[PDB]
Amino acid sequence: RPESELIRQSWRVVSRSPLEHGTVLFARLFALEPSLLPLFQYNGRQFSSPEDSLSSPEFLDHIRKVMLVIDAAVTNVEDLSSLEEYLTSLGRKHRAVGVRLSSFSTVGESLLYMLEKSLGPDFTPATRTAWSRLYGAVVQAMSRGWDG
């Protein structure tokens, strides 16, 4: 697929520095939707502000987790059923911690935001469409996790 190659190529530089990039993605996410901030709780405490999340080892480690799973999706772009069971299991864990399917779109926009800002003129229309379809396939796999 030419499309799988657009994804792989655009992901290369991001994957070289996954935390700095996931940091953009989550900074965006909490700028768009600060009501997601209390979902991330460690030691029991609640992050008061988005910048508080960026000081938390548990939260930074969470970011690297997320970026590893997107990397996995990229690795498997050509099939992506090879990941479906993992992703459905990921979906279940989300439903169990109280996330709602409606939040998926804001995360997708945060991802696409981070990619546009990283790539600039290399984030071609074709690249964006490819990413939107990949993210949508990942979401559709995870959504199963809300099946029961």
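When you see a residue number, it is the position in the sequence shown, counting from 1.
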> Which of the two stretches, 19-27 or 133-141, shows the higher mean Cα temperature factor in the record?
Replying inline: 133-141
> Comparing 53-61 with 37-45, where is the mean C-alpha B-factor higher?
Replying inline: 37-45
> Which listed residue, 97, 32, 112, 66, has the largest C-alpha temperature factor in the record?
Replying inline: 97
> Lowest, middle or highest third: where is residue 85 by C-alpha B factor in its chain?
Replying inline: middle
